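This report refers to the structure that appears directly beneath it.
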Amino acid sequence: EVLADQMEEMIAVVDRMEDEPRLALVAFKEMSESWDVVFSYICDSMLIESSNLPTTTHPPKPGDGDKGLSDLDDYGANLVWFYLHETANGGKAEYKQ
């Protein structure tokens, strides 16, 4: 993650069950009330050079956006929306539980 700046980039990990070549991946997350930026590595086969497809964010963003094609990073932002604009299993601050 060659970047300009540190952030408290807490992490989200998941698997794209909904893909047929179902594969796991990972993304970072941080804190901004406007929601936050992300970078995700994507999936594996026998080495990481295998991928799953989802590509896009919810509208809320920290201000900045995921670098480049960032497709699974964008999707990760929407994912942290799902998993962090949680409500059903509590608020953002509860996630740690």
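Residue numbering restarts at 1 in every chain; chains get A, B, ... in the order shown in the structure tokens, and ligands count up from 1 in that same order.
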_So that I can see what lies close to residue 58 in chain A, please list as a count of residues only the residues with an atom at most 7 Å from it, counting only C-alpha atoms and leaving out residues fewer than 2 positions away in the same chain._
3
Neighbours of residue 68 in chain A within 12 Å (only C-alpha atoms; same-chain residues fewer than 5 positions away dropped), as a JSON list (two decimals) with N, CA and C atoms, in the first residue's frame?
```json
[["chain", "number", "residue", "atom", "x", "y", "z"],
["A", 3, "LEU", "N", 1.50, 4.78, -0.54],
["A", 3, "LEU", "CA", 0.45, 5.76, -0.31],
["A", 3, "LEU", "C", 1.09, 7.07, 0.13],
["A", 38, "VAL", "N", -10.49, 2.66, 1.35],
["A", 38, "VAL", "CA", -10.24, 1.23, 1.39],
["A", 38, "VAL", "C", -9.19, 0.90, 0.34],
["A", 39, "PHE", "N", -8.39, -0.13, 0.61],
["A", 39, "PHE", "CA", -7.73, -0.90, -0.43],
["A", 39, "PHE", "C", -7.89, -2.37, -0.12],
["A", 40, "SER", "N", -8.18, -3.15, -1.15],
["A", 40, "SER", "CA", -8.43, -4.57, -1.00],
["A", 40, "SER", "C", -7.51, -5.39, -1.90],
["A", 55, "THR", "N", -17.09, -4.51, -7.66],
["A", 55, "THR", "CA", -16.32, -3.31, -7.98],
["A", 55, "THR", "C", -16.69, -1.95, -7.37],
["A", 73, "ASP", "N", -11.75, -2.50, -4.02],
["A", 73, "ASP", "CA", -11.63, -1.57, -2.90],
["A", 73, "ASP", "C", -12.93, -0.80, -2.73],
["A", 74, "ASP", "N", -13.47, -0.33, -3.85],
["A", 74, "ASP", "CA", -14.77, 0.31, -3.87],
["A", 74, "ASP", "C", -15.82, -0.61, -3.28]]
```
inquiry  = Can you pull out the residues contacting residue 16 in chain A? Cut-off 10 Å, using only C-alpha atoms, and skip same-chain residues under 2 positions away; I want them as a PyMOL selection string.
reply    = chain A and resi 14+18-25+42-43+51-54
Rows by chain and residue number, range 9-60 of chain A within 12 Å of range 83-93 of chain A, shortest pair, only C-alpha atoms, as JSON lines:
```
{"residue": "A:11", "atom": "CA", "partner": "A:83", "partner_atom": "CA", "distance": 11.5}
{"residue": "A:12", "atom": "CA", "partner": "A:83", "partner_atom": "CA", "distance": 8.8}
{"residue": "A:13", "atom": "CA", "partner": "A:83", "partner_atom": "CA", "distance": 10.5}
{"residue": "A:14", "atom": "CA", "partner": "A:83", "partner_atom": "CA", "distance": 10.3}
{"residue": "A:29", "atom": "CA", "partner": "A:84", "partner_atom": "CA", "distance": 10.1}
{"residue": "A:30", "atom": "CA", "partner": "A:84", "partner_atom": "CA", "distance": 11.1}
{"residue": "A:31", "atom": "CA", "partner": "A:92", "partner_atom": "CA", "distance": 9.8}
{"residue": "A:32", "atom": "CA", "partner": "A:92", "partner_atom": "CA", "distance": 11.1}
{"residue": "A:33", "atom": "CA", "partner": "A:92", "partner_atom": "CA", "distance": 10.2}
{"residue": "A:34", "atom": "CA", "partner": "A:85", "partner_atom": "CA", "distance": 11.3}
{"residue": "A:35", "atom": "CA", "partner": "A:85", "partner_atom": "CA", "distance": 9.0}
{"residue": "A:36", "atom": "CA", "partner": "A:84", "partner_atom": "CA", "distance": 10.7}
{"residue": "A:58", "atom": "CA", "partner": "A:85", "partner_atom": "CA", "distance": 10.7}
{"residue": "A:60", "atom": "CA", "partner": "A:85", "partner_atom": "CA", "distance": 10.8}
```
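Scanning chain A with DSSP on the backbone, the strand (DSSP E) assignments fall on residues 10, 11, 12, 13, 14, 15, 16, 23, 24, 25, 26, 27, 28, 29, 40, 41 and 42 of chain A.
You can rank A:75, A:96, A:41, A:47 by their closest distance to residue 10 in chain A using only C-alpha atoms, and at the top of that list sits A:96.
The nearest approach to residue 76 in chain A among the residues A:59, A:48, A:2, A:27, with only C-alpha atoms taken into account, belongs to A:27.
CA of residue 5 in chain A to CA of residue 66 in chain A spans 13.2 Å [interatomic distance, one decimal].
For the residues A:28, A:94, A:71, A:46, ranking by smallest atom-to-atom distance to residue 9 in chain A using only C-alpha atoms places A:28 first.
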